[PDB]
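> Below: the sequence, then the experimentally determined structure.
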Amino acid sequence: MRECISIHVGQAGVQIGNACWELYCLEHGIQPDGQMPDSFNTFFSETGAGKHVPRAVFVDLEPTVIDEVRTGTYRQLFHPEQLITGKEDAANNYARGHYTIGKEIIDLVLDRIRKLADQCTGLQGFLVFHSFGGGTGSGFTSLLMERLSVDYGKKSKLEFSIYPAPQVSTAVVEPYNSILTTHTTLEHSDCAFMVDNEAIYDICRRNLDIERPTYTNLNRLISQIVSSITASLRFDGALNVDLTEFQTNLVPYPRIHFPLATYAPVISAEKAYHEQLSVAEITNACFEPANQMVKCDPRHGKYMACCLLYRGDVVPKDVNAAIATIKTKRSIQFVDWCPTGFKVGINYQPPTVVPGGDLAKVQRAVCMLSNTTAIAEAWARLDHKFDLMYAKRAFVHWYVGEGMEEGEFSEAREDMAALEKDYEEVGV
Amino acid sequence: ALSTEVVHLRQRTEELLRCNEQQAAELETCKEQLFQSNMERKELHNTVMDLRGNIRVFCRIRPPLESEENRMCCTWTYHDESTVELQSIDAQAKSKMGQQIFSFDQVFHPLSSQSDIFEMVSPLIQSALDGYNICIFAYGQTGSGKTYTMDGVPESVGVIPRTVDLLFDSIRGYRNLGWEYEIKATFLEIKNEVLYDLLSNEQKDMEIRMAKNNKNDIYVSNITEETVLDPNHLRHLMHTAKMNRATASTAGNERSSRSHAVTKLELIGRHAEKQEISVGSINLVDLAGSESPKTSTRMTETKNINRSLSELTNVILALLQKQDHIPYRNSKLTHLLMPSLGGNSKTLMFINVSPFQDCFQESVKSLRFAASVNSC
Amino acid sequence: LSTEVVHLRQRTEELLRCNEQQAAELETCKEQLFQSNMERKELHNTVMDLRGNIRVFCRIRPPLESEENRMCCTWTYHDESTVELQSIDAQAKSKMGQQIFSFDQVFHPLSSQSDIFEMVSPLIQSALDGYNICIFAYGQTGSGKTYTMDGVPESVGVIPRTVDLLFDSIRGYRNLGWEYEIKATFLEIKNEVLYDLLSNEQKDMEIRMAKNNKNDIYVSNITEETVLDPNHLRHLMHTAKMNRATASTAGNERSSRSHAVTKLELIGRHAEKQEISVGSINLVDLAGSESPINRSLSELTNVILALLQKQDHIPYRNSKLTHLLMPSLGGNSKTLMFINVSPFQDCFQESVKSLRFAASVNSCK
Amino acid sequence: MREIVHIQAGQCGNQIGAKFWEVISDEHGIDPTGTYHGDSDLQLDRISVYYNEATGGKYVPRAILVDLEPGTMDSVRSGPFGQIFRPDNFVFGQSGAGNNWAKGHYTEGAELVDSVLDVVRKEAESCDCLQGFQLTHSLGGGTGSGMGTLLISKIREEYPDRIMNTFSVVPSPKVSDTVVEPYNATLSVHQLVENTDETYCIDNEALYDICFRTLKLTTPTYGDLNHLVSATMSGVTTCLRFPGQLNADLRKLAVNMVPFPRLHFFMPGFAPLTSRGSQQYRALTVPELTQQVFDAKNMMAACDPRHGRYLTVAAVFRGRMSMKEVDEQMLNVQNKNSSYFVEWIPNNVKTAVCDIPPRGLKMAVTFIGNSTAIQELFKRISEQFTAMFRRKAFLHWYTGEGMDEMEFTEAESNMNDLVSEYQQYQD
Ligand SMILES: Nc1nc2c(ncn2[C@@H]2O[C@H](COP(=O)(O)OP(=O)(O)OP(=O)(O)O)[C@@H](O)[C@H]2O)c(=O)[nH]1
Ligand SMILES: Nc1nc2c(ncn2[C@@H]2O[C@H](COP(=O)(O)OP(=O)(O)O)[C@@H](O)[C@H]2O)c(=O)[nH]1
Ligand SMILES: Nc1ncnc2c1ncn2[C@@H]1O[C@H](COP(=O)(O)OP(=O)(O)O)[C@@H](O)[C@H]1O
Ligand SMILES: [Mg+2]
């Protein structure tokens, strides 16, 4: 079995994993205790006794959210020794999470993940969920990525990091952490999927029509995304696509490995009745800039590749017709050298809606894994924010006093600039 | 032949006494002229410094050893005497870092020895002879040549032995000018952001305090300030500091190569005839290694070691941009060296780099911010 | 009576010893004076070089009483080194683009003569350092070039002011061993022909390479007077202007088109030592820049721009004035340029013709 | 578990700390005895940060009470929630500073610093992983300033990794309570800018405005005045003591708040301040809290932020809410008040939404603003300090204690540098 494991660092990672594994155990009829009153073998190391232990490694530098998950309904579900806890948070610092607490727990976390790996028969890849402005989600994430690249390298390292929103930054020092972790993860992450908080806020505003969206709903959407991604492994379909094929299909070059996710059937229960939810209309919807999970305009940039994951009662003829119609579209721009990248992940396992959720029962769902030129401007403005911070040397004292030098900040900034140069020369 | 000798030698008395007064009056004039003659060049020389500098950046690349020359070394390209280009041989580094060109005041060839450094000594001591607070900084990584140029070797002495020898013969000339110069030696160490004494083994409490005369004048309480009487006495003063500063430098890299030693020679020149007192100071200061903190055994203070370098980099940039406020008190090193960093004071900025490929990145960090000084 | 003889016998011996030490100590300080003076020379020269080039200087002059009814131009001042001029004709204001020119310093009509001498004082020391200097007054007719150089008795020009500073330093330098002789030659370049301003005896004059320095130039048959004091040179300049035959009353073109070259060679010899200096200052009052002979003016335009370009060959011998200043346009020396501009709309087309020369200097340097 | 040690200096600091401990016990449902009687187990989860475990299911505050006049704590001991303290914590002198920083830092401080240092170590070693120290005091008197200046200097040099919370009460601009409070304050801030890394400036005059105008109170008793500070200060640590959507702590805001080490003086602010009878007229949602907490009418300090620029803004939330509202509203004020925000720090807002609101309330907001309006307060003190300096008023009391006059120049000079930085970064 081509089994895979997931990692959860930072409060974002822990909450996302909580919602994700909740959806997972809902999919296979797994009780919160861990038994089912094969398909689930990929993510659950079910023993002889009825305890389907998840292949999850939750790590945090503060015990708050991990204690919360140890208090919820899933405490007995997770293996107690899996949950690794620190004592003090990285406090918005890449410096702390990469030098001062990261290497003081990295031995324990690497031992745990190695024990999990030896438990697995056929290793498929790695899943990590974190943030960018998060101190843990930058420092610890980059340190773990480089460590795993050293340890394995040949395996599949997949990032589900969340993008810092273009207009709002909850952490005032987000650009520093983002730039440092991008610099230290560019050469150690096979493919890093992108999702933005502001974009999903707008989506749940205008599509879910919810006036009070909490982090729970964002985590529900992210769980739906990951379930669509992993359906081809956890279930059979007409064309099953594993994580290995993702790097072949998506990335043209080693550096350009930042696709953005998209989910078309994001309508609410009330609007479900007024629409038939046909394949063609949802396929068009997933190309709408307003439906993108990243705050950017895909209309402004050419596409590099499009990975489509379909689940439910879907017919390949309809998918072929929809993609043919999209090929004829004008606003949908593309580059010439790769004019045939539309790899499909058709499957016939309908998505399951969590009780008390905001999504509706939808027969067919599509997960658009777009890779396009529409992230170059986001990188440019992130680097501009970094330059604004660095020009007055504001907040530099903390980082130089807890693990690095401003020379390293210059290195990261110029590395991001070189990435922008490569991106723009590929775009033309 | 007795009575005639009375008149003749009385005439000789008038002939000599007239010559006594003739030579006395213009002896005062020539001494008066020499003071303004040295005062004219005093304001002429710093004008030369001001137009071309007053924050001078110099770079020296040390030569690889006979076995280290076969070791991989990044390509060194010298466009001229003021610009140096270093390129990483690795193709992947070329694609991302690209061309690394930097502009400085002067570039030192690995075969330049100490000749041109001694050529820089004469203008900088003249600024000290002008009673100016002049400071020099030895920046670079471990083994890049900071210790080879500051202290030196018996066959080719460093700046400190050369400065002392030239300073002593210089003040002998000014002793002919009626100037008596009192020179004070102060040795201190800045490790873990707390000051020590190099000349005393006793553990005393040190604190930075402004002098009674002026706020801009800074002293440290309970220091062992020694009055210098002769070169050999002064030479022994610096020699006494080396074994007191005995710690791992390359074998362990524990405290040395990560330390800030401040050697200040306060010169107090006085002229009894013209009641003029000239006050100056030189700061033979070497800087800590700017290597990235990887020694997790004591990585906490290495950040403070990096903090002093970072704050010092912040301070020098503030001077160039004409910033009204300069954060001198953010670090002990900057606060102590505030008199020699602001206003009419002049700073030599000496950076040491290593030609090997593994040190290319740390060399780049040294060059870019030093070149940023030249840009502004 | 023999007792007092013995008393003055030792008095003679002690006064010989005291004076011998007094003189021996004196000479050591005297030698220190020479070595202290020579370093100041290079420092002054270095400052001039570090300043770059002392060219690109514009001096705007105020309108006169008879020029009150004339129409001016829109003079825009930027900081203290850049000046912009625009025509009051709004129809041409949108067609002129950017009439902006940046200078080393900008002189406005409120600047007194002493302000100009502030930048002229340092080069006098450089002239004493054995370096050739020149002062160029350039612009259209009526700009004020003669006022900058010669001026009026109320407000003297650079020529009266350089002599006062020159002699003040010379007498002060007498305590520094050096002895100086001042040689004055007054010459006018009418049209590629050299005329002597100190003698009415018309002869033929030619320019030849120096016998002791092939890179130096001496003028044959020129009247070369030894200046004794500022009174002597003031009389010498009065003779030059009277002999110049100022035909501004009838036939002003003849007087205006002729260039006025004032060369003052400084020679410094030091006994009991070695010192050779042939530094000279050429106070040239250039002619009108108006469009039409102009061989000297046009070549002076080309030679200056070529020097800033570090051109391999300089057409020094392409005109009399440029070849007259062939040793006075070298690399080690420092050059000054004054651009006098009339603040009038009728001269606006001439004003821009005086300023784009400077705009081609900084863009070339 | 990131425990915090509490130190109270001066009688003002003692009273404020008493109010703070009583409101904290209200949060955790603790009787005067120490027996827990609350209902939410979340209280027990982080009960350790402020309460040490005691036999029989009791708890004692992790507080140190420091003073020079024994009578103040006697009222505290006799008053409610006085016996809750472990009696060994009561450390005091007998002489008394007498509103003289000279006594409290060189003579009375020297003889008593050792007494309080040991019990600090005893409490420090009674913790798993110490987080930091919180100091409650005032800059007006001598006990609240002499102790604090000495202790913060002391605690820093043996606990450099830890963070320092100094709840200094800045002297009022107009209603002066001490003839020589410029001398205390100016000498106080000398150690503050060197040792601590976050300071909350509170002014009674502005605090008087909050109760009299915003709360329309008529009897501004110090118990009420300290109540607002206590409520404001508890909200700073609720993210540490309680779970939330974005669990922050003192370490989180430490890096966020200060762009530079010296600029660590902030303006506290508590949003929900409905008057005695205005709660009926006012709806309670995220919007009303946003603009109310961003008014100069509501700042605890006596400085108008409109005179300067907000270098850094923190916003800690309590209760049940959707963070989308706090998302755009912080964005909203970021756009309308662009003049009030520094240009070279875009999106300079920190959000720390928690889950548990204060008892008797539904939503709460704590505002921590590092604006540049502080410099107008320092120059007011600087002018007052230099007004009474060259005339040598009351100098003999300080000089005769054993300090040189140039030391007064140090505090004046060093604090002047703090002033110069604010207007420099204001442009
Ligand atoms: N989409 C989404 N993002 C979240 C959620 N919870 C937290 N985040 C993000 O996580 C970031 C918080 O920082 P963390 O990743 O937890 O980093 P940390 O462990 O707190 O360490 P420091 O950042 O130094 O305090 C915020 O910027 C949020 O954007 C969530 O439930 N959903
Ligand atoms: N908010 C508040 N402030 C107080 C209280 N008591 C005193 N103060 C303030 O504290 C200052 C008194 O100085 P203090 O430090 O207490 O004197 P010390 O204890 O002898 O050093 C005055 O300026 C008051 O404004 C109180 O109960 N509440
Ligand atoms: N700053 C000034 N103030 C008053 N008069 C001036 C000034 N500058 C020039 N002049 C006038 O200009 C005349 C000199 O003519 P000038 O313009 O120098 O001839 P050229 O056209 O050869 O330059 C003088 O008569 C004088 O009155
Ligand atoms: Mg004329």
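Ah, there it is. Numbers count the residues shown, from 1 in each chain, chains lettered A, B, ... in the order given. Ligands and ions are numbered 1, 2, ... in the order given.
> Spatially nearest residue to the residue most central in space within chain A (excluding sequence neighbours)?
Nearest residue to the geometric centre of chain A (C-alpha atoms, centre = their mean): residue A:160, 1.8 Å. Closest residue to residue A:160 apart from its sequence neighbours, by C-beta to C-beta, 6 or more residues apart in numbering or on different chains: residue A:129 at 4.8 Å. From N, CA and C alone the C-beta is placed, and that goes for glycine too.
> since we're on that neighbour, how many residues are nearby?
28 (other C-beta atoms under 10 Å in any protein chain shown).
> can you check residue D:57 too?
For residue D:57, the count of nearby residues is 9 (other C-beta under 10 Å).
> how much space between it and residue D:36?
Going from residue D:57 to residue D:36 by C-beta to C-beta, to the nearest Å gives 7 Å.
> check contacts around residue B:279.
Residue B:279 makes contact with B:131, B:266-269, according to C-beta atoms under 8 Å, 6 or more residues apart in numbering or on different chains.
> What are the neighbouring residues in contact with the residue in the stretch 251-376 of chain B that ligand 1 sits nearest to?
Using C-beta to the nearest ligand atom, the closest approach of the stretch 251-376 of chain B to ligand 1 is made by residue B:303 at 16.8 Å. Neighbouring residues of residue B:303 by C-beta under 8 Å, 6+ apart: A:400-403, B:293.
> Enumerate every residue touching the closest residue to ligand 3 within the stretch 151-300 of chain D.
Nearest to ligand 3 in the stretch 151-300 of chain D, going by C-beta to the nearest ligand atom, is residue D:260, at a distance of 53.6 Å. Contact analysis of residue D:260 by C-beta under 8 Å, 6+ apart lists A:394, A:397, B:327, B:330, D:421.
> of the residues you listed, closest to chain C?
Minimum distance to chain C across those is 28.7 Å, recorded for residue D:421 (C-beta to the nearest C-beta).
> Now the one residue sitting closest to the centre of chain D. Nearest residue, chain neighbours left out?
Nearest to the mean C-alpha position of chain D, by C-alpha atoms, centre = their mean, lies residue D:167 at 2.5 Å. What sits nearest to residue D:167 in space, not counting adjacent residues and going by C-beta to C-beta, 6+ apart, is residue D:136, at 4.7 Å.
> Next, the one you found: phi, psi?
Torsion angles at residue D:136 (phi, psi; degrees, to the nearest 10) stand at phi -110, psi 120.
> Is it bridged to anything, and to what?
Counting by DSSP bridges, residue D:136 forms beta bridges with residue D:8, residue D:167.
> Would you check that it makes contact with residue D:8?
Yes. With contact defined as C-beta atoms under 8 Å, residue D:136 and residue D:8 form a contacting pair (4.7 Å).
> Which neighbours do the two have in common?
Here residue D:136 and residue D:8 have D:14, D:16-17 as joint contacts, going by C-beta under 8 Å, 6+ apart.
> Pick the one among those closest to ligand 2.
Among those, residue D:16 lies closest to ligand 2 (C-beta to the nearest ligand atom), at 6.0 Å.
> Isn't that closest one up against residue D:225?
No. With contact defined as C-beta under 8 Å, residue D:16 does not count as touching residue D:225 (9.0 Å).
> Those two: which is more packed in?
The neighbour count for residue D:16 versus residue D:225, taken as other C-beta under 10 Å, is higher for residue D:16 (26 against 20).
> Now do the contacts for that one.
Residue D:16 touches D:8, D:136, D:167, D:169, D:226, D:229-230, counting by C-beta under 8 Å, 6+ apart.
> what do you get for residue D:273?
Residue D:273 sits next to D:210, D:214-215, D:292, D:298 when contact means C-beta under 8 Å, 6+ apart.
> Keep only those of those that are in helices.
Under the assignment DSSP state H, these contribute residue D:292 to helices.
> quick check, distance from the longest helix seen in chain A to the centre of its chain.
Looking across chain A with DSSP H, the single longest helix is helix A:406-427. Relative to its chain's centre, helix A:406-427 lies at 23 Å (C-alpha atoms, centre = their mean, to the nearest Å).
> Residue B:215 against residue D:412, yeah?
No. Distance between residue B:215 and residue D:412: 10.1 Å, which falls outside the contact criterion (C-beta under 8 Å).
> ok, those two, which is more surrounded?
Shown here are residue B:215 and residue D:412; by other C-beta under 10 Å, residue D:412 has more neighbours (18 against 13).
> Looking at chain A, which residue is nearest chain B?
For chain A, C-beta to the nearest C-beta, closest residue to chain B: residue A:407, 3.3 Å.
> Can you tell me, leaving aside adjacent residues, what's nearest to that residue?
Nearest non-adjacent residue to residue A:407, counting by C-beta to C-beta, 6+ apart: residue B:365, 3.3 Å away.
> Same check on residue D:38?
What sits nearest to residue D:38 in space, not counting adjacent residues and going by C-beta to C-beta, 6+ apart, is residue D:29, at 2.8 Å.
> Would you map the strands across the stretch 101-250 of chain B?
With strands called from DSSP state E, counting those that start in this stretch, the stretch 101-250 of chain B shows them at B:101-103, B:106-108, B:133-140, B:179-191, B:194-197, B:208-210, B:218-220, B:226-227.
> re the thing from before, tabulate the contacts of residue D:16 (CSV), appending distance to ligand 2.
Shown next, in CSV, are these (distance: C-beta to the nearest ligand atom, whole Å):
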residue, distance to ligand 2
D:8, 10
D:136, 10
D:167, 10
D:169, 5
D:226, 5
D:229, 6
D:230, 10
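> which residues touch residue 43?
Defaulting to chain A. A:3-6, A:24, A:54-55, A:230, A:234.
> Chain D is the one I meant
Residues in contact with residue D:43 (C-beta under 8 Å, 6+ apart) are D:27-29, D:36.
> Now, of those, which are buried?
By neighbour count, with 16 or more other C-beta atoms under 10 Å in any protein chain shown, these hold D:27-28 as buried.
> Closest one of the contacts of residue D:43 to residue A:265?
residue D:27 (44.6 Å; C-beta to C-beta).
> which SSE is that closest one in?
Using DSSP states H and E, residue D:27 falls within helix D:10-28.
> Next SSE downstream of that helix?
Taking DSSP H and E, what comes next after helix D:10-28 is helix D:42-45.
> which ones are touching the nearest residue to residue A:391 once chain neighbours are set aside?
Using C-beta to C-beta, 6+ apart and skipping residues adjacent in sequence, the residue nearest residue A:391 is residue D:344, 6.7 Å away. Residues near residue D:344 by C-beta under 8 Å, 6+ apart: A:388-389, A:391-392, A:394.
> Which of those fall within helices?
Checking the contacts of residue D:344 against DSSP H, those in helices are A:388-389, A:391.
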